[PDB]
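**Student:** just coords:
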RNA sequence: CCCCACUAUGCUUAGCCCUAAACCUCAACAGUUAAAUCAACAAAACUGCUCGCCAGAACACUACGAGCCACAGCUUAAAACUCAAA
Ligand code: FES
Ligand SMILES: [K+]
Ligand SMILES: [K+]
Ligand SMILES: [Mg+2]
Ligand SMILES: [Mg+2]
Ligand SMILES: [Mg+2]
Ligand SMILES: [Mg+2]
Ligand SMILES: [Mg+2]
Ligand SMILES: [Mg+2]
Ligand SMILES: [Mg+2]
Ligand SMILES: [Mg+2]
Ligand SMILES: [Mg+2]
Ligand SMILES: [Mg+2]
C-alpha cells in the first residue's frame, strides 16, 4: 500500500526498568554491615522503603534478615553498631538541621 | 577535626577529654521527667550517688511539681550538691516526656554544670505490659 | 538493659550549646517515630481504634502528598500575567 | 504525486528527534514579561525561562537561544481527576544564546 | 535437608574451643548429619549481654557449621545445644544458599489508581 | 463520668458454649463497558446462570413446639389485640 505508514512494534526508546541498589544481590543475616546501613544510628529502627529506596522484595528480605540477626546474636537492636557508622550512606534521611 | 554528634566508643582511642577525663569517666545526671514530678540523680561513672533532688524535695506539692520552673529548681539543687563534690562536666540521661524534661537540664547548667552529651532513655516496650485504659473526657 | 549504654539516642554537645543538642535529639526521636509512639502508649489504644487511626493517617498522607504534588506542579504558573489587558 | 500526511509526519524534524528529554534545541524569544522569557522552539507549546543573570540584556524579542528540552508538554493526573491537568507550556532549560 | 548452624561459643582458649567444636560436630554426626564445612567468623563482642548457664557473656566465638541432616535431627540437635555449657547461643536455619533467588527485571511503576469514584457531578 | 486498691476475666492445658455492626451490611461462577449511563446517596451501569433470602409497621433477637454437654442459654420462630403509617 504505502511505505510511509506507521508500523506496529514495541517502544524502541523505552528505558530499562530501574533496579534497587540490592537487585540481584543476596541479603544474608550474617552480613551485619549491610543490614546496619538500613537501621537508624540513634535508635536502631528499621527504615521504611521510602527512606531506603529498596523494592518490596528487598525491603522484606532486609527486614527479615535484620530481625533474624538481632535475635540470633549478630546485630544490636537499640542502636546501630558504631563500627558501621562510617559506611556509605544509602538512605535518604538527614537528622542534623 | 570535624565535630561528631556520635559519642566516643569505649575501648577505642579518642582524643576528646574533659578536665583530663575521658567520656567513660564523666559523671552521669539521671533525669526522670514524669508527668507529675521530676527526679534528678547525679552519679559517678562507677555508679556512686553524688546528689539527688526532685520537685517534691524542693518544697513543691501536687500540681506545682509537674511544671517547668519546678524542675528547673530541682536541677539547681542537685547541681549545687554535685558541684560541692567536684563535678563540673556531666552526661545527661533523661527518661520521660514530662514538663521537666528540658527545664531540669537548664537548672543543671544554671547551677554550674557543663553538659557534654544528652541521652534519651525513655522506656519504649517492643510489644510489654498493657497500659491502663483510655480516659473518657 | 543488656545493650551497651551511651550509644542509643545520644547526642554530643558542641561548644556548650545544649539547646541545639536537645533540639537535635528531639528531632531524631521525632523522625524515628519514638515521640508519637511514647505518647500513644500512655493509655492502651484498643486494636479497633488503632486500625481506625492508622487508616486515617494513611489516607491523610496520600491526600497531603497528592495535594503537595499538585501545588509544586502548578507553582510555575504563579508568574505575572503575560496577557494583561486581554 | 502529492505528498501524503503520513510522509510529512515521518520526515518531520520533530518526529525524527524522538524523545524530547535532554535534547538540545534552538528557540526564539517572542514575548517577554519582566524577567520571564517566552521561547518558541518549534513544538506545540512554548517554554518560559527566567532571564539569565549574566548578559541578561542580550536576551530580547527575536533573540535565538539554546535550550535543553525536558518535556514537550507539562501534564499530570492528580488524585481523583478524570483527565490530566496541563499547564499549556513546555519544560526546558535555557542554556544561553546561539551565535554564528 | 541442608542447614546452617550459627554457633556462638563461650570465649575460651584454643584447646577448649577445639574440644567444643569437635564435641558439637560429633553430636551432629551421631544424629545422622553429613557435615559439609566449618567456618570461623572470629571472636567479637556480642551485640548485647547474653546470660547462659548461670553466666554472663560479653564476648563469644562465632562459628558456622554447614551440614545436611534428616528433618528429625534438627529438633534433637537443638536440645543438645541447650545443655552444652560452652555454647552461648546456637540456632539452626535452613541454608541460605539452597534458596535460589528469582531473577528481577526491575521496578514496575505503579500508576495512580483510576475510576475509584463515579464521574457524576458532586 | 475523674483518682487509688483489688478480684472474676484476659494466658496455658483439657473439655464446653456457638454468639457479633461475624458488615467490605454489596452471594458463587462466567462475561461486557455499547446501547437508555443512572430515582437519591453510597463503592459507575449491566448481562448470563445458580443457590439462599425478602413481601406494611409494631407485637418480636418474643410466646409455644422441637433440637442442643447449652438450664437466667442458643437455633428455628408465630398469632391475637393495635396503627395509617413505618
Ligand atoms: S529491584 Fe530487583 S530485587 Fe529490588
Ligand atoms: K449474625
Ligand atoms: K462494617
Ligand atoms: Mg487475676
Ligand atoms: Mg503468650
Ligand atoms: Mg470482622
Ligand atoms: Mg449479613
Ligand atoms: Mg453460595
Ligand atoms: Mg465476575
Ligand atoms: Mg412484616
Ligand atoms: Mg441475640
Ligand atoms: Mg428466645
Ligand atoms: Mg421454649
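**Tutor:** Okay, I see it. Residues are numbered from 1 along each chain as shown, chains lettered A, B, ... in the order given. Ligands and ions are numbered 1, 2, ... in the order given.
**Student:** which stretches in the chain count as helices?
**Tutor:** Answering for chain A, as no chain was given. A:32-36, A:49-52, A:56-72 (DSSP state H).
**Student:** not quite, I wanted chain D
**Tutor:** D:5-10, D:13-17.
**Student:** could you dump those to CSV with distance to chain E?
**Tutor:** C-betas here are computed from N, CA, C, even on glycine. Below are these laid out as CSV (distance: least, Cβ to the nearest Cβ, whole Å):
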stretch, distance to chain E
helix D:5-10, 28
helix D:13-17, 24
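**Student:** closest one to chain C among the helices of chain A?
**Tutor:** Of all these, it is helix A:49-52 that lies closest to chain C, at 9.6 Å by Cβ to the nearest Cβ.
**Student:** which ones are touching the spatially most central residue of chain C?
**Tutor:** In chain C, the centroid-proximal residue (Cα atoms, centre = their mean) is residue C:31; its distance is 5.7 Å. Contact analysis of residue C:31 by Cβ atoms under 8 Å, 6 or more residues apart in numbering or on different chains lists A:93, A:95.
**Student:** quick one: contacts for residue 24?
**Tutor:** Let's take chain A. Taking Cβ under 8 Å, 6+ apart, one finds E:101, E:103, E:104 in contact with residue A:24.
**Student:** meant chain E actually
**Tutor:** E:7, E:65, E:81, E:84, E:87.
**Student:** also residue E:21?
**Tutor:** Here residue E:21 is in contact with E:9, E:38, E:63 (Cβ under 8 Å, 6+ apart).
**Student:** so the first one sits against residue E:18, correct?
**Tutor:** No. With contacts counted by Cβ atoms under 8 Å, residue E:9 stays clear of residue E:18, the gap being 10.6 Å.
**Student:** higher neighbour count, those two?
**Tutor:** More crowded of residue E:9 and residue E:18, by other Cβ atoms under 10 Å in any protein chain shown: residue E:9, with 22 against 11.
**Student:** hey, what's the closest residue in space to the more buried one that isn't next to it in sequence bridged with?
**Tutor:** Excluding the flanking residues, the one nearest residue E:9 by Cβ to Cβ, 6 or more residues apart in numbering or on different chains is residue E:61, at 4.2 Å. Bridge pairing for residue E:61 (DSSP bridges) gives the partners residue E:9, residue E:43.
**Student:** can you check residue B:95 too?
**Tutor:** residue B:32.
**Student:** which parts of chain D sit against ligand 1?
**Tutor:** Contacts of chain D with ligand 1, taken as Cβ under 6 Å from any ligand atom, are absent.
**Student:** strands of chain D, residue ranges please.
**Tutor:** Assigned by DSSP state E, chain D shows strands spanning D:23-33, D:36-40, D:47-50, D:64-71, D:75-76, D:85-86, D:91-97.
**Student:** give me the residue from chain E nearest ligand 1.
**Tutor:** Nearest residue of chain E to ligand 1: residue E:104, at 3.0 Å (Cβ to the nearest ligand atom).
**Student:** correction: chain C
**Tutor:** Distances between chain C and ligand 1 by Cβ to the nearest ligand atom are smallest at residue C:65, namely 22.3 Å.
**Student:** in which helix or strand would I find that residue?
**Tutor:** helix C:47-74 (DSSP states H and E).
**Student:** what is that helix packed up against?
**Tutor:** Other elements packing on helix C:47-74 under the criterion 3 or more Cβ pairs under 8 Å, 6 or more residues apart in numbering or on different chains; DSSP states H and E are strand D:75-76, strand D:85-86.
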